[PDB]
Amino acid sequence: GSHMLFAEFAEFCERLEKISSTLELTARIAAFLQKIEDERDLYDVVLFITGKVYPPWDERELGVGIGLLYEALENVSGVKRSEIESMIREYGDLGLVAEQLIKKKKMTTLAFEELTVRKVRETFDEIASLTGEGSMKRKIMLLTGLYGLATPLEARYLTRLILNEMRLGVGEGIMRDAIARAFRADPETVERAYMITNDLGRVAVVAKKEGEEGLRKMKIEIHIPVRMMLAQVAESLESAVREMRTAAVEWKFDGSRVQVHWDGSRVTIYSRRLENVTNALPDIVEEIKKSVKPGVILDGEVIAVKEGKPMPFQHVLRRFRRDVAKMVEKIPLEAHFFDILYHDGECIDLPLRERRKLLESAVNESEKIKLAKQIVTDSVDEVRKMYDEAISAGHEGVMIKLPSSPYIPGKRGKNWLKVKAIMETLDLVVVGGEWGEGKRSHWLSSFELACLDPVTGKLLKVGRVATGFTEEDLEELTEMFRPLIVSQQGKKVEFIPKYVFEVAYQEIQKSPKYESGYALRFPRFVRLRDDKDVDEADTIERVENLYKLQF
């Protein structure tokens, strides 16, 4: 009929695997997108090609782990899970295994196959809604029903989609460019629209229906997260405060960045990576309802405090993880706001100094809700005094901002600069590992680390880490990595990209040993970052900038 079969999409994706050119990928994808008339097949295709079923800020998650996939594949193929697991290490991809099992199964028991993107979407939406007793088994039954109806190539990309790695060499950059190409829009205005909606599918549909003009007309709306404006690391305090002659200066807090939307009938709170953390923060939510003027979207920092003294940011992260009533008691919080993006209408096109005024009249300071102290100055001595004060208070340094700059969602330019005493850590994808030896043989001991190329979504190796781990760390990480082993050559294993580590280092060197062109000198494990998906790992561009900044 008229509805797109997932198989049409699947065959399209298969052909993209052969193509390594970024421009060629862009042009192929644009051509495909142009010929979709049904706007929800368009929406789904744009999401699906990026390995996404839902936007991260959407409260819906599939909640399907590789173990559920194994059981479903068991059900449909008859082959036992132990054999399917050896097949993943043989083929290096569960998608290729699923393809092989279904190829064998329809050869044995022929039926007509293919399902619509619409059915895939509906089945996914049901799976996402399932909680409680028996929910895991029904999820397996729903997946089993889907694999029973799918072609081998459909089963491949269904599997890769659920695992969020399509392996097509297509990232966010190619998709922005392909949507721009398809629908006669400037790639910069597709980009801009993405930064305020955080749904590329929605953006594609607007580009289809209304072109460039419809994309420019898109506005910030409350409860839809906007990509935060980001700051560059400054070389030094006096170099930053001379590029800008006069500068707005604030503390840089040891905490977690959030964005608060309200309203004023309900509050939503988004984290730095735009996870909806509202239900984790009833304490902050209530304080916002009494202390802030309704109809705003605020940029802020949440910090953990205890008996009047500051606590480190990973304490806020624990709150974000989550009976949440117990957590409010263990880990008290306060919020410090430093910007405003919405005040009965967009206000990001102002003037920092003008936004500041808007911010001041919007919050009524209490014990749990504060404004960032801001000074405006051309004096290096004044900013060093704030810097000193910030550090003595248990925080990191200062933010230095251009008082005339507008707020630019998702952008990391020189209009904001962070100057802190400590160096940066990186968050990097765990792409591989090594088994320990002798007694430690039952644990992974060493981990391969990769940064992200945001245009292609490819992971570029950047180093290897073995220090900074407790033995319970190794116990825990081995258990969570084991199912993801997709290659084992002796001690060397490769993983399905999934987990992100926070990693410290002494130096980034240029090196030919990795695809990235960079190597970490003395990498050291800080912690596992559950708050971070693989597409929130630090980018090759970040690594490059951090390298250049050493000299």
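Residue numbers for the sequence shown, in my numbering: 649 to 1199. Backbone N, C-alpha and C fix where the C-beta goes; we use that ideal spot for every residue, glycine too.
Less than 8 Å divides the Cβ of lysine 900 from the Cβ of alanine 1038. Taken through DSSP and simplified to helix, strand or coil, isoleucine 684 comes out as coil.
Inter-segment contact for the segment 722-737 and the segment 789-807 is present: three or more beta-carbon pairs are separated by less than 8 Å. Judged by DSSP in its simplified three-state form, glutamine 907 adopts strand. The beta carbon of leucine 653 lies closer than 6 Å to those of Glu762, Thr764 in the same chain, with the five residues before and after it left out. In chain order, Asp902, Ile951, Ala952, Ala1041, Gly1042, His1043 place their CB closer than 8 Å to the CB of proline 958, counting only its own chain and leaving out the 5 sequence neighbours on each side. Bridge pairing for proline 999: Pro1054 [DSSP]. At a Cβ-Cβ threshold of 8 Å, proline 1054 and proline 1131 do not count as neighbours. Remark: C-beta atoms of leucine 929 and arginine 967 approach each other more closely than 8 Å. Taking 8 Å as the cut-off, the beta carbon of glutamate 1124 is found no closer than this to the beta carbon of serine 1135. About 6 Å separates the beta carbon of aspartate 1179 from that of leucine 965, a gap short enough to meet the 8 Å contact definition.
Among the bridge pairs identified by DSSP, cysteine 661 is matched with none. Between the segment 820-828 and the segment 750-758, the count of Cβ pairs shorter than 8 Å is below three; the stretches do not touch.
If you compare the alpha carbons of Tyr739, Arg1172, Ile1144 with that of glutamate 1155, the shortest gap goes to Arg1172. The beta-carbon separation of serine 884 and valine 1103, rounded to 32 Å, does not stay under the 8 Å limit for a contact. Counting C-beta atoms within 10 angstroms of its own C-beta, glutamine 1198 has fewer than 16 neighbours from the protein chains shown and is therefore classed as exposed. In the structure shown, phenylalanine 986 falls within a strand segment according to DSSP collapsed to helix, strand and coil. Pairing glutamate 747 with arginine 804 gives a Cβ-Cβ distance under 8 Å.
Shown here, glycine 956 sits in coil according to DSSP, grouped into three states, outside any helix or strand. Annotation: the continuous beta strand (DSSP E) that includes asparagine 1063 extends over 1060-1068.
Bridge partners of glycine 1080 according to DSSP: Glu1096, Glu1142. Contact annotation: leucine 1065 and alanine 882 have beta-carbon atoms nearer than 8 Å.
Put simply, the backbone Cα of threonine 894 is about 13 Å away from that of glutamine 1022. Rounded to whole angstroms, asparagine 846 and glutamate 1085 show a C-alpha spacing of 45 Å.
DSSP places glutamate 770 in the uninterrupted alpha helix (DSSP H) bounded by 765-777. Taking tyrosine 702 as reference, the option from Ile810, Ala983, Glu685 with the minimal CA-CA separation is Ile810. Taken through DSSP and simplified to helix, strand or coil, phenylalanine 1149 comes out as strand. Judged by DSSP in its simplified three-state form, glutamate 802 adopts helix.
Here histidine 909 really is in contact with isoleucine 945; their C-beta atoms are around 5 Å apart, less than 8 Å. Secondary structure at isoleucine 945: strand, using DSSP grouped into helix, strand and coil.
In the displayed model, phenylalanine 760 falls within coil according to three-state DSSP, outside both helix and strand. In the structure shown, the three-state DSSP call for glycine 862 is helix. With a threshold of 16 other beta carbon atoms within 10 Å, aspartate 971 falls short and is exposed. When the beta-carbon positions are compared, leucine 801 and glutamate 662 come within less than 8 Å of each other.
When only Cα atoms are considered, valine 1031 and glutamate 891 end up about 14 Å apart. Apart from sequence neighbours up to five positions away, the residues of its chain that approach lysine 1018 with a beta-carbon distance below 6 Å are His984, ordered along the chain.
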